[PDB]
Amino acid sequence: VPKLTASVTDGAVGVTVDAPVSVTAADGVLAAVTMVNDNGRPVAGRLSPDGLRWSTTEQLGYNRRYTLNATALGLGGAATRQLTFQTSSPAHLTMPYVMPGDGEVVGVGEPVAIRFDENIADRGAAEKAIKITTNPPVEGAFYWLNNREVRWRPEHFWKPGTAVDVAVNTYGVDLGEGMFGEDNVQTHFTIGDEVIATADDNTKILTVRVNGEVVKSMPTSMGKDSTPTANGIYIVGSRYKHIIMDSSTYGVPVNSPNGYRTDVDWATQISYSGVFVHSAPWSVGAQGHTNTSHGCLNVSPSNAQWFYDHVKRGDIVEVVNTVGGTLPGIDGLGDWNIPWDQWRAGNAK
């Protein structure tokens, strides 16, 4: 007599939709399989050529009730089952967003970033749902900067030519306190040339190195003693032909002593706290000699444009020997300032 198996049991509740629903016939073949929702709408599925396995072919829905009818035939006899089950009903939904973009070529400092639009009560579940693939394979780990964003990077800077695949399979996954993922995301990026630029407060020079060779030496003016540029490793972020810098976006009023509202050209972002490489005609004389800025690396127009043209997202800017501290690891572009052993251990709780 044919036997029927299913990936769900009749009367089940909280069936997660991260996996498809299957039905298997033993000692026989599947003659008919149908699955409809509470409204009577049929679900897409495909039967295997051998007739032994049937699986849904489209993702299932939240807060739904599904009814499954299966018939199995064989030389001996026939068997029919009806199964109804309710999927999980999330309390809230959160959509993930992944950087860098699909197909992008990025520098050796670009981490993998998964940002959610809600606080994540169960970080371990989120890390479990994210699969990272590297070629050549290299060790990495997760670390959380705030409650909504997590990062993945190796111990050392990426090796150029490394392929990276990010599968955020959070759909159907309970991320804590009834917070389920809105969808799945799949992005892929590649590591380009090694580009490391160093800013030494002693020489007041920003040197750009491509694959270990000096290609540009830029005299610069960094943060003055009152508002210094922090030392450490910076990841290059967004680039702007021109951008109005407003201190108020960082909580500093414009009318305050340290506030400002200045329009600059050829601005490359290297920290979330507002540190940029940008064109500063007004300080070309100070550049290479004294620090006079709020934190940004002031350089000449031609050098700023050159930086814009030859530096890509993920490249590195390291600052040393300034009177400031060290760029916070939680900044958003300061991932590499966290010691490896701390990063490796993670903060999943």
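Residue numbers run from 1 along the displayed sequence.
Return whichever of 331-339 and 16-24 has the greater mean Cα B factor according to the PDB record.
-> Averaged over C-alpha atoms, the B-factors run higher in 16-24.
Do the C-alpha atoms of 175-183 or of 230-238 have the higher average B factor in the entry?
-> The stretch with the larger average C-alpha B-factor is 175-183.
From the list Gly61, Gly288, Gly314, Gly295, select the residue with the highest C-alpha B factor recorded in the entry.
-> The C-alpha B-factor peaks, among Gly61, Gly288, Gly314, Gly295, at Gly288.
Out of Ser256, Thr190, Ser271, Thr84, which residue has the highest Cα temperature factor in the PDB record?
-> Within the set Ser256, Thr190, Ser271, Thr84, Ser256 shows the top C-alpha B-factor.
Can you work out whether the C-alpha temperature factor of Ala280 puts it in the lowest, middle or highest third of the chain?
-> For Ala280, whose C-alpha B-factor we compare with every modelled residue in the chain, the answer is the middle third.
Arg41 CA temperature factor, ranked by third within the chain = For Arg41, whose C-alpha B-factor we compare with every modelled residue in the chain, the answer is the highest third.
Report the third (lowest, middle or highest) to which the CA temperature factor of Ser217 belongs, ranking only the modelled residues of the same chain.
-> Answer is lowest: the recorded C-alpha B-factor places it there.
For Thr67, return the chain-relative third of its C-alpha B-factor as stated in the PDB record: lowest, middle or highest.
-> For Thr67, whose C-alpha B-factor we compare with every modelled residue in the chain, the answer is the lowest third.
Grab the CA temperature factor for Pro137 from the record and place it in the lowest, middle or highest third of its chain.
-> For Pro137, the deposited C-alpha B-factor lands in the middle third.
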